[PDB]
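Have a look at the structure below, then the notes.
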Amino acid sequence: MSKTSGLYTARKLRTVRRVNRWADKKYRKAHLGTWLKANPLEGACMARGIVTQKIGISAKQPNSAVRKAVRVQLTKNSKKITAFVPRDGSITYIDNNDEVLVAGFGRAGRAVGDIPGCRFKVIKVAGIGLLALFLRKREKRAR
Amino acid sequence: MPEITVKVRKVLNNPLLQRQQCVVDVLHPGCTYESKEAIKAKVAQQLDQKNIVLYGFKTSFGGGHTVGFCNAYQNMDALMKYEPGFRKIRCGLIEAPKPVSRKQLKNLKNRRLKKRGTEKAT
Amino acid sequence: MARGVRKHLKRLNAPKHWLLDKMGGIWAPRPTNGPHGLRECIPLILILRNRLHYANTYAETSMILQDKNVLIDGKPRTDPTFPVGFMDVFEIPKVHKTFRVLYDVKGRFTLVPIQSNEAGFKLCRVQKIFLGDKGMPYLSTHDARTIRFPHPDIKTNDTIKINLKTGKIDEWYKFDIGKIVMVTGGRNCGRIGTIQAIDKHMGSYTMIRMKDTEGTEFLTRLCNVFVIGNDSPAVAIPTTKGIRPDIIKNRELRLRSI
Amino acid sequence: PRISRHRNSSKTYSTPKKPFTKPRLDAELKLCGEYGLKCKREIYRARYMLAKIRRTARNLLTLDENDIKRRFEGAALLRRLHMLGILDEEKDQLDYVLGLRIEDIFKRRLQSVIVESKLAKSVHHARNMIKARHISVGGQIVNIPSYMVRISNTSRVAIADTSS
RNA sequence: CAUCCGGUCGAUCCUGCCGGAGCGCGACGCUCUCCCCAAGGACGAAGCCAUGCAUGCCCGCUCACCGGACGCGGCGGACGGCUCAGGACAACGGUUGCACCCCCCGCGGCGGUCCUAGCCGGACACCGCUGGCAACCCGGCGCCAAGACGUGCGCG
RNA sequence: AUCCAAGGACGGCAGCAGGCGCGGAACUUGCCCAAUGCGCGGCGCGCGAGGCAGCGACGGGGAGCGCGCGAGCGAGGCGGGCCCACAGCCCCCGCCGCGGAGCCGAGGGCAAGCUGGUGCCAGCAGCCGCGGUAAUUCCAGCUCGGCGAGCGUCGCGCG
Ligand SMILES: [Mg+2]
């Protein structure tokens, strides 16, 4: 038929699948290697960096808001990223030139929501979880 | 006082070690026994009260049944040879010198190895 | 690559037919070289400690053996790792116990008690004939023993009876169709039967077809076929006569014993 | 290495693939109230065991009747089920197994057997009594609510002699 | 132990992707009554290492001090333990062979040796006296043992 | 890389503990050969192999914060046994007897709704979307649901 089907045709089928399975975006992104060399976290759950600028970013057209984020530089790479601290009033707990831990959003490496070109989240600052600081479980009187 | 009745199971003669192999079970439904000491008389009856050793005593859930071991020797000399030391120490057969830390012994051995010729000084 | 020979043995790497508990320890005894090899032997301590139960530890077995309380083929052995093999004589005079080491149907070593009349000899399998120094004919066996000046009528794969006191041959059984045999290797260890056929292939193995007393037939290679007489066994054999029951009958027997 | 590395271990239960399902929640709560179960891990355990038995029965049933393996395995499975009281004695065919259900497993629990003997007022009372060690099986005190009683021990379950 | 659901339109059917729903491996965060089992600096740093421990035993040789020291000699230290850098018809897994091979302990045999044998010769170690050097290290003189070394009695 | 009375001498933890650096990420500078074995050896020595203990929510398994109109049992403490190379631990026996639930969510997918604030700001939201004066979606209180001594978030693999 369209596909070869003879009893001595295993080699051709193997080669066909080998060539054709590179056309899937997911399979390429996983098994090609470019993404790993381009991802600032090099396949890690989260990274540690230093905040250097506190900035606010406007939202997209159908929304109207200014989201609070900070600029970070990763210790182990020295490159630059933008990480966004979501919880209300949690910008005031983050201070310039502070040690932070930055993780990802739900999606692997795409932008999430109406925030344009942002792919990282702040979770720990100065060794204390932001979620815990927001609930008043602990206090940052060491800084 | 609930009478305690004890048995003997798995009797094997061991002339090589001059002893008898022995599994002893005790039934004490209700109260308990007295530190394995009242049991020696009963075991001796069933098979010298000072020529037996008990070491593997376990009490099951609820305390109704207790199972253990025994070792009956024909002579005290045989018990002195064929027997690990800690058993003798636990029993009232010998006295236990105060043990010394093996760390000090290793340190002394290394120090002595360091010296040459006659090193009995250290 | 190790730079020399091996002296240890992990417990999980030991032979299955030794029946060693997984949780007993990291290590297992390493048998020393002797009459029998590693995979066709069992150390003395295992027999003396984990079966007969006359000892409960390594040390007790060491004392018992160094006090000369076991004789192997008429010779006292003090090595706890000495290897015991098939058709060996195990005598303990202190308790008047005499055993011959054989195979059970399941494929494990067993101790068959014997009498005084038949404990003065053993059966050996001759598998190599060669010329030694000065062209003198020689002969070797499965227990690592050599005899000079054998009878010309004795060929390879035959079976030889030798007095324990004196290593002198008495009579010999030929390898031929119609002779009772006992299987000592593979899937059929412990089975007893009579030879029905012999087929040879040039440059490869020789296959032997045997029939059991009940009519069952089985095959095995000649490297583990042992002759034990002329139509009737020459030595006392286990209570069962080399019959392997099926799983169903074994389960019935287990339930009966339960 | 340490000998503790060769110790085996495994799980005992399975979670549903779709969690929020109204009829399933209702049935599970109903069963929990009827038998007074603590949490929902017990139901998952029961389902796991039932699945194991059903899979064994399926595999055996796929084969021929006169297959030696079929006879061996079916005989063992039936003997176990009968001894445990899960399957009725008068059934001795592998087909009957596939119709079994978790409620049959539950009915053989210690709470259930002592309740049907009128020895306890309620499943909750049975659990409270079991914890305090006022109950025994064959002269031995059992304090595990989920302990399953074999048929031969059904008449041997009584109150602990030493209990107040 | 063979399951789907929400999102392109004014409404409708499709293709097609985005997202959700489960299991496992790790890290982060909150919290934590009792018992049992149990992993634990592997994750582009095979990077760097104070401190302590990880290989000894003893048959032979006692005119040593009062036989125990010490030393010569013998066995062992090539096993065990750690890690996965390097290496892509290699290593490795199954299946052959050496009529192209080597092998300690152990088991069983075998054991004839050309041209002072009531028992041969000389030394060293430990030790004594005298000394060098910050340390590490050794020097010279001197009596003594061997299952140590050398020579060697003998049916090729 | 180390000591030097400056002429000289000396080292190799990817062995057990411990330390620095690195990193998202990982434990005591503990006791013992009694067990399993190895080396030597006749009534034994040694072994950071190995065993025992300590930290330990990687993780797995079993019980519980009540039943009832009054009784009973836990955890916990003080003592005695058993065990242990020495000690704990489990278990048994006596006298007193600390009953403590969190993490997520309530528009749909997806089981689960009442006042007060703010006013496209602050914020939520994996996706669709909410918020420009009732906000069923933000921040709070009440109530409710799921799993449960565990719950949630991030990355990877299978589905
Ligand atoms: Mg000559």
(request) Please verify whether the stretch C:242-254 includes one or more residues that are within 30 Å of D:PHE72 (Cβ to Cβ), in contact with a strand residue (DSSP E or B) (Cβ under 6 Å, 6 or more places away or on another chain) and away from chain D (no Cβ under 14 Å). (result) yes
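Would you say A:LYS60 is more than 20 Å from A:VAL125 (Cβ to Cβ) and touching a helix residue (DSSP H, G or I) at 6+ places or on another chain (Cβ under 6 Å)?
Answer is no for this residue.
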(request) Could you tell me whether C:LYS75 is under 28 Å from D:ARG5 (Cα atoms) and within 12 Å of RNA strand E (Cβ to nearest atom)? (result) no
(request) Quickly run through the stretch C:57-84 and pick out the residues that are within 12 Å of chain B (Cβ to nearest Cβ), surrounded by 15 or more Cβ atoms within 10 Å (Cβ to Cβ), in a loop (DSSP other than H, G, I, E, B) and not aliphatic (A, V, I, L, M). (result) C:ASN69
(message) Against the definition (within 14 Å of chain C (Cβ to nearest Cβ), out of contact with any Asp or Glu (no Cβ under 7 Å at 6 or more places or on another chain) and of a type in the set (A, V, I, L, M)), how does D:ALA76 come out, yes or no?
(response) yes
(message) Can you tell me how many residues within the stretch D:40-71 are hydroxyl-bearing (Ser, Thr, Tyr), surrounded by 12 or more Cβ atoms within 10 Å (Cβ to Cβ) and farther than 24 Å from D:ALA27 by Cβ?
(response) 1
(request) Identify all residues within the stretch D:114-149 that are in a loop (DSSP other than H, G, I, E, B) and either aromatic (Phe, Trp, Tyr) or more than 23 Å from D:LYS38 (Cβ to Cβ) (or both); write none if there are none. (result) D:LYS118, D:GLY138, D:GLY139, D:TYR147
(message) If C:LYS16 meets every condition in (1) more than 14 Å from RNA strand E (Cβ to nearest atom); (2) surrounded by 15 or more Cβ atoms within 10 Å (Cβ to Cβ); (3) more than 30 Å from B:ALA78 (Cβ to Cβ) apart from one, which number is that one?
(response) (2)
(request) Report whether or not C:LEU48 is within 14 Å of chain B (Cβ to nearest Cβ) and out of contact with any helix residue (DSSP H, G or I) (no Cβ under 6 Å at 6 or more places or on another chain). (result) no
(message) Quick test of your reading of the structure: C:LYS22 fulfils all but one of (1) outside any loop (DSSP other than H, G, I, E, B); (2) over 22 Å from the mean Cα position of the chain (by Cα). Name the failing condition by number.
(response) (1)
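Every residue in the stretch D:43-68 that is under 29 Å from D:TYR13 (Cβ atoms) and within 14 Å of chain C (Cβ to nearest Cβ), please. Spell out the reasoning first.
Of all residues in the stretch D:43-68, those under 29 Å from D:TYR13 (Cβ atoms) come to D:43-62.
Hits for the stretch D:43-68: nothing passes.
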(message) Return the residues of the stretch D:8-42 that are near RNA strand F (Cβ under 9 Å from one of its atoms) and within 14 Å of another protein chain (Cβ to nearest Cβ); say none if nothing qualifies.
(response) none
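Could you tell me which of the residues B:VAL43, B:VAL100, B:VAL24 is in contact with a helix residue (DSSP H, G or I) (Cβ under 8 Å, 6 or more places away or on another chain) and away from chain D (no Cβ under 14 Å)? Let's see the steps before the verdict.
Details: B:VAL43 fails: in contact with a helix residue (DSSP H, G or I) (Cβ under 8 Å, 6 or more places away or on another chain); B:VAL100 fails: in contact with a helix residue (DSSP H, G or I) (Cβ under 8 Å, 6 or more places away or on another chain).
When all the criteria are applied, what remains is B:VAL24.
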(message) Let me confirm something: among B:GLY56, B:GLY63, which residue is within 13 Å of RNA strand F (Cβ to nearest atom) and at positive phi?
(response) B:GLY63
(message) I'm checking my understanding of the structure. Among residues of the stretch D:98-126 that are surrounded by 14 or more Cβ atoms within 10 Å (Cβ to Cβ) and within 16 Å of RNA strand E (Cβ to nearest atom), which one is farthest from the chain's Cα centre (by Cα)?
(response) D:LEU100
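If the requirement is being near RNA strand F (Cβ under 10 Å from one of its atoms) and either outside any helix (DSSP H, G or I) or under 30 Å from A:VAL125 (Cα atoms) (or both), which of these qualifies: A:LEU7, A:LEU36?
Numbers: A:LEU7 fails: near RNA strand F (Cβ under 10 Å from one of its atoms).
Exactly one residue qualifies, and that residue is A:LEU36.
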(message) more than 7 Å from RNA strand F (Cβ to nearest atom), under 20 Å from the mean Cα position of the chain (by Cα) and either away from chain D (no Cβ under 14 Å) or in a loop (DSSP other than H, G, I, E, B) (or both): is that true of A:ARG138 in this structure?
(response) no
(message) For A:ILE123, only one of the following conditions fails: (1) within 12 Å of RNA strand F (Cβ to nearest atom); (2) more than 30 Å from A:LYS26 (Cβ to Cβ); (3) out of contact with any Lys or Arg (no Cβ under 8 Å at 6 or more places or on another chain). What is its number?
(response) (2)
(request) Consider A:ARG71 carefully, then state whether it is touching a helix residue (DSSP H, G or I) at 6+ places or on another chain (Cβ under 9 Å) and more than 9 Å from RNA strand F (Cβ to nearest atom). (result) no
(request) Could you look through the stretch A:60-92, keep only residues that are among the charged types (D, E, K, R), under 16 Å from the mean Cα position of the chain (by Cα) and in a strand (DSSP E or B), and pick out the one that is farthest from RNA strand E (Cβ to nearest atom)? (result) A:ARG71
(request) For the stretch C:177-199, indicate whether the set of residues that are outside the structural domain of C:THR32 (by CATH), within 11 Å of RNA strand E (Cβ to nearest atom) and within 30 Å of C:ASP104 (Cβ to Cβ) is non-empty. (result) no
(message) So the check is Cβ under 7 Å with 6+ separation or different chains; which pairs have a first residue in the stretch A:121-143 that's under 20 Å from A:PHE105 (Cα atoms) and a second one that's part of a helix (DSSP H, G or I) and more than 8 Å from RNA strand F (Cβ to nearest atom)?
(response) A:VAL122/A:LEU130; A:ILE123/A:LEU130; A:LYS124/A:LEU130
(message) So if I check each of D:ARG127, D:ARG108, D:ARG150, D:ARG133, which one is within 16 Å of RNA strand F (Cβ to nearest atom), in contact with a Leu (Cβ under 9 Å, 6 or more places away or on another chain) and not aliphatic (A, V, I, L, M)?
(response) D:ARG108
(message) Being touching a helix residue (DSSP H, G or I) at 6+ places or on another chain (Cβ under 9 Å) and more than 23 Å from B:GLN21 (Cβ to Cβ) is true for just one of C:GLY85, C:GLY74, C:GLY24. Which residue is that?
(response) C:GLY85
(message) Return the pair list, or none, for Cβ contacts closer than 8 Å from residues in the stretch C:7-31 that are within 14 Å of chain D (Cβ to nearest Cβ) and at positive phi to residues that are assigned to a loop (DSSP other than H, G, I, E, B) and surrounded by 11 or more Cβ atoms within 10 Å (Cβ to Cβ), at least 6 apart or on different chains.
(response) none
(request) List the helices (runs of 4 or more DSSP H) that sit entirely inside the stretch B:37-122 and contain at least 3 residues that are within 16 Å of RNA strand E (Cβ to nearest atom). (result) B:102-114
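All of this is worked out from the model, or read from it or from the source named; no laboratory read-out is quoted. Positions of Cβ are generated from backbone atoms using ideal geometry, with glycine treated the same way; all protein chains shown enter the neighbour counts.
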